[PDB]
Amino acid sequence: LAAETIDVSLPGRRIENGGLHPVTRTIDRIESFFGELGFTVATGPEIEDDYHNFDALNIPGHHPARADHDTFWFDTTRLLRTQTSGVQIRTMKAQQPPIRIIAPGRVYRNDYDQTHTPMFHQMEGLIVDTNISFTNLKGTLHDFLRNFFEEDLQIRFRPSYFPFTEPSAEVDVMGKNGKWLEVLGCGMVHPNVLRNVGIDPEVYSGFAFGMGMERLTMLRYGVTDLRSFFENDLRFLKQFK
Amino acid sequence: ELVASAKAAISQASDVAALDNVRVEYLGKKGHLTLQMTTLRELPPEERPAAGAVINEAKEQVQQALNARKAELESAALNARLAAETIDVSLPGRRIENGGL
Amino acid sequence: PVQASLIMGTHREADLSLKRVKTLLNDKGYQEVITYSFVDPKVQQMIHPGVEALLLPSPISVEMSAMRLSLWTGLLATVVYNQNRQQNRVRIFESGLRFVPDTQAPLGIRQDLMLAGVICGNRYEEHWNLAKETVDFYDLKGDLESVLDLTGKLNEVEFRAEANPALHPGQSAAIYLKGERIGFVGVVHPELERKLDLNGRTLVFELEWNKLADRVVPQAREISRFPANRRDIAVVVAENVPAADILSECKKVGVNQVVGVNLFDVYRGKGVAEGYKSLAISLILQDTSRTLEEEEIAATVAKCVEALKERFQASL
Ligand SMILES: C[C@@H](CC1CCCCC1)NCc1ccccc1O
């Protein structure tokens, strides 16, 4: 009878969807990658003391990577953390192995360029068990990089140094321009680090790793200026819904 | 005397000014102090610049009280707007209910 | 690959996920932003005047030398940034720590995880069937009630009018959960709106995350197979009486018969005295074992309206 014909192509009645920050996209993907491996997410405060940020990581007061570290200090003990190590140290002291945690969070350094902001995000992983080897470090991170970039890409492990690991390594991804690109750092946990948290390095071993979320996000989605992440232009953020 | 007695009757007139008739007191006192400038038609000529400086210092003191009162009134109007815009913050917000699985 | 034991972690169904809350805010039209944790004390002292913040002795700049006491300094700088680029309508949120000096906290500084956001501009973008209307207090409050409803404790939440130097004194509220202040919400005070060069009416909120990271696990209750009855009442009370207290009185003073109390109109004008308002309330009554009749029904709405006689005012 009645013909109340309407144009069904008119825009619908709704409010537009918001999205997540691109760095949050990255952190969420990585948490799901390692969550399937039994890694628990652990968070902690961003202002720390020099013990949980240096001493517990086998970085004495006279160590070079401390004064020459671009660190924000409030006094001689309190600082803006340069890594999310405080939660990892506290977890190891509160329980015996097995340990399987990842630690995301904001960290701080004094530099500020096109490729550097005074604040950025770091994802750090830690596993401690009976027979954790360097071969496990390679395989786990090779699996991670293949999942993160979704391709059988060229990676390499390269000797490096950190006071809290030995052997230490950085891993590079072959850049699209033909050069190797440093993506993360890793190594086997130093026996001093295990010792002062009450873990016997003669019985237990483990590897750890760290990576910057801004760097991986830029490589993943083609972001060319790191400062765009913290200008929060709604036209930049809306691309990542 | 006079130099401050006229400013006393000026700041007191611009004190209990309900509406924006501050300019009405501005009109009357600007003519009173301009007439006081005409009273400098004599006196020692070497002191005439000193007489004009004391009169203009009195005119600046009246203009400061006029600005201070104009600021009091426009803030009083802003406060009146704030009072009228009071709402019941306990009233339910606008939303569609959440569903569950 | 690593060889290890497949041991389950310890799960708690009562945990409410922050990612679940971020998803709801996305599904209500909010964009996540991330701002620097050190801010400009010149502008933070405008939003939180008198509150001493933790300062960096050697900052990258003076405009990034004060650890943030809230997330509002970063969020309000973000809307000004976007409004300076031809975007008046911005609806954003952020999760992150605040840094409040506290002698009882570790390292003398308390670091609480906060969830904050801000909306401004029209409710919707330009639309063929929706009219241009500026966002108001009940728009943001509605979004906040959607967040709090994820905990299953919305019944125990109170929005009390409370003073805040950054907010409109007549359109600001402290948020309480079980007698604890968990956050704030309100329109940015018009003079603060002026000093920050905000384009128009701007509404902010902030919540202490850990106070709502817990939710109620469901427990199946019996449902009555017998019909229910609705009775509407129109109560005239004083203009300064919060309507939620009246609704809470009808729900509390009423026994297990009344199962639903809802407000559907608020009138004041030609018909009601000045300084008074009429609240139209619907009362739904039902019993789990039997059906009700007009005798016991009308005696219960009469019991409810008499409870509003001494504590409040009569009906009409
Ligand atoms: C700073 C450490 C802190 C942990 C190391 C050992 C165990 C304590 C916590 N972050 C993980 C990490 C690992 C290797 C290389 C770089 C890197 O950033």
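Values below: all heavy atoms of this structure, side chains included; hydrogens, waters and symmetry mates excluded. Indexing begins at 1, ligand by ligand and atom by atom, following the structure's order. So you know, we letter chains A, B, ... as the sequences are listed, proteins then strands, and number each from 1.
Aromatic pair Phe229(A)/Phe120(A): ring centres not closer than 6.0 Å. The distance between the ring centers of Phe209(A) and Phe34(A) falls below 6.0 angstrom.
When the heavy atoms of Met211(A), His190(A), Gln88(A) are ranked by distance to atom 9 (C) of ligand 1, first place goes to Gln88(A).
Ring planes of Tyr36(C) and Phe38(C): parallel class, angle under 30° (limits at 30 and 60°).
Backbone and side-chain nitrogen or oxygen atoms of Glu124(A) are examined, and one is located within less than 3.5 angstrom of a nitrogen or oxygen of ligand 1.
Shown in contact with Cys186(A) at under 4.0 Å from a heavy atom are these atoms of ligand 1, numbered in order with element: 14 (C), 15 (C). Close contacts of ligand 1 with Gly210(A), meaning ligand atoms under 4.0 Å from a residue heavy atom, involve 12 (C), 17 (C), 18 (O). Of all atoms in ligand 1, listed by their number and element, those nearer than 4.0 Å to a heavy atom of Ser85(A) are 3 (C). Residue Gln83(A) has at least one heavy-atom neighbour below 4.0 Å for each of these atoms of ligand 1: 1 (C). Annotation for ligand 1: atoms under 4.0 Å from non-hydrogen atoms of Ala208(A) are 13 (C), 14 (C).
With a 6.0 Å radius and a threshold of 12 heavy atoms from other residues, nucleotides or ligands, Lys19(C) has its NZ atom above the threshold.
Ranking protein heavy atoms by distance to atom 5 (C) of ligand 1, first place goes to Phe164(A) CD1, 3.6 Å. Looking only at protein heavy atoms, the nearest one to atom 11 (C) of ligand 1 is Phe209(A) O, 3.3 Å. When only non-hydrogen protein atoms are considered, atom 7 (C) of ligand 1 lies nearest to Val193(A) CG1, 3.9 Å.
Counted by atom type alone, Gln83(A) and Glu124(A) present zero donor-acceptor pairs between their side chains at under 3.5 Å.
Among all heavy-atom pairs drawn from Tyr108(A) and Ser37(C), the shortest one is OH-OG, 2.7 Å.
Salt bridge annotation for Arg227(A)-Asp225(A): present, with a cationic side-chain nitrogen under 4.0 angstrom from a carboxylate oxygen.
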